[PDB]
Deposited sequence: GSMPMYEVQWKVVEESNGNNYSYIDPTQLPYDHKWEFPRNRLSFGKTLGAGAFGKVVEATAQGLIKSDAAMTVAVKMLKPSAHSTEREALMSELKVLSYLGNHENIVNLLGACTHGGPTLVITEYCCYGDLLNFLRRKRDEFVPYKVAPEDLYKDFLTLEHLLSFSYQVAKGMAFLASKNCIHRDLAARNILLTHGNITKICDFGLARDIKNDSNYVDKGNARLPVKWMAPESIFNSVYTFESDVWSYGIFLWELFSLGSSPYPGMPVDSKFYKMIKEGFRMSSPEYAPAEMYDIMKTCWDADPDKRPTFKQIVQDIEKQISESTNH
């Protein structure tokens, strides 16, 4: 017991992140749910004389102790992770003088799914239109983000286009009852979530991407037949504009044996080779 893994959620909050509540002005609500809301805000002097747009996550009024501790643990996890270009990074927090506020980067173009759908009419494979080069970049960037998360012992558990955000410079950033159509069979059948199950979900994301935001398994409801087909080995066919080499990645991501799926590190190297050619 002399050597143990350091659990980042057990570490104390680092006040280098602290930011004055009075220097935040809330704007539009970016997301709202049962647990609380995420708002766009202006943070004055976050990086001294200038204000920057940020996102602020906050809990519901007078939240129970378990909910507040969960937000703090999520804050602590972000602090230990460190910065990466392809994740929504932590920028600061307000932990006293009121409820806990978590300040992260703001992604001006919103979620990738709605972006793909609103760019679908304008899409052309080869050349401000969306192109195959853009889709390849999005696939590469999401793989780099997940490879970074995986190397840090993190599992996303809800990887999907709706949970990818797009910001300036065509940079995609990963953010955050069950998303059945994105889940690996072992997650559905055994409630197991692993590095390998995240890879399965990334394959579903690729199908979303090259389908320009179509819903997976189109026209198929989630029922007994769906689960039986998935278990028996049924997989989605290729989107019309997915390069063959990208569909190959999708198929390996969807291997029934989690051990035969690629790692995100391998996916990154594969996509890097495609981008050069």
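Gaps without C-alpha coordinates occur at 1-18, 66, 147-154, 204-222, 324-327, with positions taken along the deposited sequence from 1.
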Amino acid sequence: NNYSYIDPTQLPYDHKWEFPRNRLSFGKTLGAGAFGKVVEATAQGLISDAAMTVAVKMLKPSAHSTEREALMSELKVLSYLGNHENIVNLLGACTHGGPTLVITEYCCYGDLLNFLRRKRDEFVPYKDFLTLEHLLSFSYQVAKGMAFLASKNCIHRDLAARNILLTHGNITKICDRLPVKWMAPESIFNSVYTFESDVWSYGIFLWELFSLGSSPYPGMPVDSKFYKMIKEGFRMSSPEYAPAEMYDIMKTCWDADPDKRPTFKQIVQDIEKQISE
From here on, numbers count along this sequence of modelled residues.
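Rigid core: the largest C-alpha set superposing within 1.5 Å between the two forms.
Relative to the displayed structure, the C-alphas of 69-77 lie farther away on average in 9 other deposited structures of this protein than those of the other candidate, with 152-160 and 69-77 compared after rigid core superposition. Where the structures in 9 other deposited structures of this protein are fitted on the rigid core, 218-226 is the one of 218-226 and 204-212 whose C-alphas sit farther from the shown form on average. For the cut-off of one third of the other compared entries, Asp248 stays well clear, since all of them model it along with its flanks. In all of the other compared structures of this protein with flanking residues present, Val54 is modelled, so it falls below the one-third mark for missing coordinates. For the pair 194-202 and 96-104, the record assigns the higher mean C-alpha temperature factor to 96-104.
Higher average CA B factor: 117-125, of the stretches 117-125 and 139-147.
Highest C-alpha temperature factor among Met236, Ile249, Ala34, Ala242 per the entry: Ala34. Among the modelled residues of its chain, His134 has a C-alpha B-factor that falls in the middle third according to the deposited record.
In this PDB entry, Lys231 carries a Cα temperature factor that places it within the lowest third of its chain's modelled residues. Among the modelled residues of its chain, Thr167 has a C-alpha B-factor that falls in the middle third according to the deposited record. Placement of the Cα temperature factor of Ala184 within the chain: lowest third of the modelled residues, per the deposited record.
When the CA B factors of the chain's modelled residues are split into thirds, the value for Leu59 lands in the highest one.
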